[PDB]
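First up is the structure itself, then whatever we jot down about it.
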Amino acid sequence: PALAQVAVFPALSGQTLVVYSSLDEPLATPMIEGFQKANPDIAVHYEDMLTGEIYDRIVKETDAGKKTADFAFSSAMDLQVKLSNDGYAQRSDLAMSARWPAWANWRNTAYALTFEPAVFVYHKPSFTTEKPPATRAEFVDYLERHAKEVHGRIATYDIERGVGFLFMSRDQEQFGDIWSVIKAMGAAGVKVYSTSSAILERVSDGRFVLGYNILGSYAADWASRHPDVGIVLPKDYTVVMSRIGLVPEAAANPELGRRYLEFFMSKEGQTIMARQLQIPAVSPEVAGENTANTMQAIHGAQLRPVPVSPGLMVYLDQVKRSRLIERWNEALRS
Ligand SMILES: [Mg+2]
């Protein structure tokens with residue numbers, strides 16, 4: 001089945017915006033509240049769903065001649081650019097469009113809105129006589145040196161079930177020998193999940209000792225409430241994604257969709273992300289440590305972000321996508 005956690009926010013004043021988003025609802029709530037305070041006559045129908053489902057649903061609904069979401073917001077950058085390339089989005093010519101960083105804008109249609117790293121997470125109580133691995137080489141070595149302790153107690157994204165796939169496809173482009181890492185994880189009996197939150201809950205209470213390619217923003221959110229979750233930005237390289245927002249062609253209320261997009265692009269909206277949600281901002285109007293500018297300044301070539309402006313060519317086609325997934329299953333089982 002196709003799943004969604006739906007949350008409906010009535011107009012503050014006493015028109016409903018429909019959002020399909022992969023941003024976990026509790027972290028989304030401050031953005032929703034900010035939008036609603038700015039727009040007291042707008043109800044918000046927020047559907048929290050997997051990135052692959054955002055894609056599938058928009059394609060299915062649009063193809064069916066039906067209406068679809070007014071705003072699609074997804075960490076599966078490739079699937080968002082594909083929708084936009086195949087005619088499932090519509091152009092949004094807005095206030096901040098021309099000044100939006102060029103890398104973060106495909107044809108005033110798909111906009112990259114955040115700057116979020118894929119990180120290691122660890123159970124702090126489990127790393128008391130040795131510090132956790134900080135590179136992929138160290139990760140593999142740790143797994144080997146602690147074969148029995150780690151076995152079935154590490155986790156990563158099930159790339160078959162979209163941000164996981166993105167991160168793997170980027171790992172393959174940096175790291176020639178990513179497959180040694182995948183193989184090592186399979187020998188350690190790696191468990192795979194569709195969400196960072198599932199992995200974070202299990203690392204938090206020590207069921208798992210390590211997670212790989214976890215969303216750093218979510219990890220920082222967890223760690224702020226659960227002191228036993230530690231985070232390592234990998235020192236060999238750190239893949240960075242950006243959540244992409246667009247207004248579907250078949251939006252019932254494209255105007256409300258564009259309003260929400262404008263809010264997400266605004267100084268106010270981007271400051272809520274940076275300052276409240278531990279999601280680093282892309283807006284050239286926002287200063288501070290939780291920004292793409294400062295992160296690039298501090299970390300440099302360690303960071304491996306993904307550009308939007310070249311379009312679909314940056315990303316793997318459907319058949320190569322399928323091939324990479326069967327290779328990944330092949331490595332985890334070898
Ligand atoms: Mg999510």
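Identifiers for the structure tokens are assigned positionally: chains receive A, B, ... in sequence, residues are indexed from 1 per chain, and ligands are indexed from 1 in the order shown.
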
Identify, counting only C-alpha atoms and all ligand atoms, the protein, DNA and RNA residues located within 7 Å of ligand 1, and give them as a PyMOL selection string.
-> chain A and resi 22-24+48-50+195

Using N, CA, C and O atoms, can you export the residues from the last selection as a PDB file, in the first residue's frame?
```pdb
ATOM      1  N   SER A  22       8.058  15.071   2.103  1.00  0.00           N
ATOM      2  CA  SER A  22       8.790  14.044   2.795  1.00  0.00           C
ATOM      3  C   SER A  22       9.359  14.557   4.109  1.00  0.00           C
ATOM      4  O   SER A  22       9.961  13.783   4.826  1.00  0.00           O
ATOM      5  N   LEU A  23       9.197  15.850   4.391  1.00  0.00           N
ATOM      6  CA  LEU A  23       9.699  16.446   5.617  1.00  0.00           C
ATOM      7  C   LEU A  23       8.828  15.942   6.766  1.00  0.00           C
ATOM      8  O   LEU A  23       7.609  16.181   6.794  1.00  0.00           O
ATOM      9  N   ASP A  24       9.443  15.220   7.700  1.00  0.00           N
ATOM     10  CA  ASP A  24       8.692  14.609   8.813  1.00  0.00           C
ATOM     11  C   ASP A  24       7.830  15.676   9.494  1.00  0.00           C
ATOM     12  O   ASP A  24       8.330  16.759   9.873  1.00  0.00           O
ATOM     13  N   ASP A  48       2.569  13.740   4.741  1.00  0.00           N
ATOM     14  CA  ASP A  48       3.928  13.300   4.987  1.00  0.00           C
ATOM     15  C   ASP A  48       4.014  11.888   4.415  1.00  0.00           C
ATOM     16  O   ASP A  48       3.360  10.959   4.882  1.00  0.00           O
ATOM     17  N   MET A  49       4.847  11.743   3.403  1.00  0.00           N
ATOM     18  CA  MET A  49       4.977  10.512   2.681  1.00  0.00           C
ATOM     19  C   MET A  49       6.401  10.301   2.163  1.00  0.00           C
ATOM     20  O   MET A  49       7.205  11.245   2.096  1.00  0.00           O
ATOM     21  N   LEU A  50       6.704   9.069   1.798  1.00  0.00           N
ATOM     22  CA  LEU A  50       8.021   8.736   1.217  1.00  0.00           C
ATOM     23  C   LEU A  50       8.229   9.436  -0.116  1.00  0.00           C
ATOM     24  O   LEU A  50       7.265   9.657  -0.866  1.00  0.00           O
ATOM     25  N   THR A 195      13.227   5.053   6.374  1.00  0.00           N
ATOM     26  CA  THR A 195      13.285   6.374   6.976  1.00  0.00           C
ATOM     27  C   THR A 195      14.486   6.551   7.923  1.00  0.00           C
ATOM     28  O   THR A 195      14.931   5.609   8.565  1.00  0.00           O
TER      29      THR A 195
END
```

Write down as number ranges by chain the residues belonging to range 24-169 of chain A that are assigned helix (DSSP H, G or I) by DSSP computed on the backbone.
-> A: 25-38, 51-63, 77-85, 102-104, 124-126, 136-145, 147-150, 163-169

In terms of only C-alpha atoms, the residue from A:84, A:305, A:224, A:263 at minimal distance from residue 167 in chain A is A:305

Name all residues at most 7 Å from range 92-102 of chain A (count only C-alpha atoms; drop same-chain ones fewer than 3 positions away) and give them as a PyMOL selection string.
-> chain A and resi 105+108-109+258+262+265+283+309

Write out as a list in words the residues lying within 12 Å of residue 198 in chain A, counting only C-alpha atoms and excluding same-chain residues fewer than 6 positions away.
->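 The contact residues come out as residues 24, 155, 156, 157, 158, 191, 192, 204, 205, 207, 208, 211, 214, 215, 218, 219 and 222 of chain A.
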
Just C-alpha atoms for this one: save the residues we selected as a PDB file, in the first residue's frame.
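The resulting file, again.pdb, is shown below:
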```pdb
ATOM      1  CA  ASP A  24       8.692  14.609   8.813  1.00  0.00           C
ATOM      2  CA  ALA A 155      21.602   0.195   9.692  1.00  0.00           C
ATOM      3  CA  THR A 156      21.197   2.261   6.519  1.00  0.00           C
ATOM      4  CA  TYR A 157      18.553   3.359   4.001  1.00  0.00           C
ATOM      5  CA  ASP A 158      16.827   0.756   1.926  1.00  0.00           C
ATOM      6  CA  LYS A 191      19.321  -3.785   8.465  1.00  0.00           C
ATOM      7  CA  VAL A 192      17.714  -1.429   5.949  1.00  0.00           C
ATOM      8  CA  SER A 204      19.038   6.094  20.244  1.00  0.00           C
ATOM      9  CA  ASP A 205      18.317   3.194  22.555  1.00  0.00           C
ATOM     10  CA  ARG A 207      19.521  -1.609  19.451  1.00  0.00           C
ATOM     11  CA  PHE A 208      21.911  -0.396  16.740  1.00  0.00           C
ATOM     12  CA  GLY A 211      23.835   4.207  11.118  1.00  0.00           C
ATOM     13  CA  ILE A 214      21.416   9.298   7.814  1.00  0.00           C
ATOM     14  CA  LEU A 215      19.922  12.777   7.433  1.00  0.00           C
ATOM     15  CA  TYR A 218      17.039  14.756  11.663  1.00  0.00           C
ATOM     16  CA  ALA A 219      20.026  13.368  13.551  1.00  0.00           C
ATOM     17  CA  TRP A 222      17.042  13.586  17.665  1.00  0.00           C
TER      18      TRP A 222
END
```

Contacts of residue 326 in chain A at 12 Å (only C-alpha atoms; same-chain gap of 6+ positions) as a ChimeraX atom specification | /A:159-160,165,319-320,332-333

Interatomic distance, CA of residue 217 in chain A to CA of residue 181 in chain A (Å, one decimal) |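 Value for the CA of residue 217 in chain A-CA of residue 181 in chain A distance: 23.3 Å.
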
What lies within 7 Å of residue 228 in chain A using only C-alpha atoms, ignoring chain neighbours under 6 positions off, as a PyMOL selection string?
-> chain A and resi 123-125+204

If you run DSSP over the backbone, which residues in range 86-281 of chain A end up strand (DSSP E or B)? Put them as a PyMOL selection string.
-> chain A and resi 89-90+105-106+110-112+114+116-123+154-157+191-193+210-215+229-232+238-241+244-248+251+281

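Of the listed residues (A:172, A:180, A:242, A:276), A:242 comes nearest to residue 75 in chain A; the distances count only C-alpha atoms.
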
Please measure the separation of CA of residue 232 in chain A and CA of residue 133 in chain A, giving the value in Å to one decimal.
-> 8.0 Å

Contacts of residue 134 in chain A at 8 Å or less, counting only C-alpha atoms, minus same-chain residues fewer than 2 places along, as a list in words?
->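 Near residue 134 in chain A, the qualifying residues are residues 120, 132, 136, 138, 139, 232, 233, 234, 235 and 236 of chain A.
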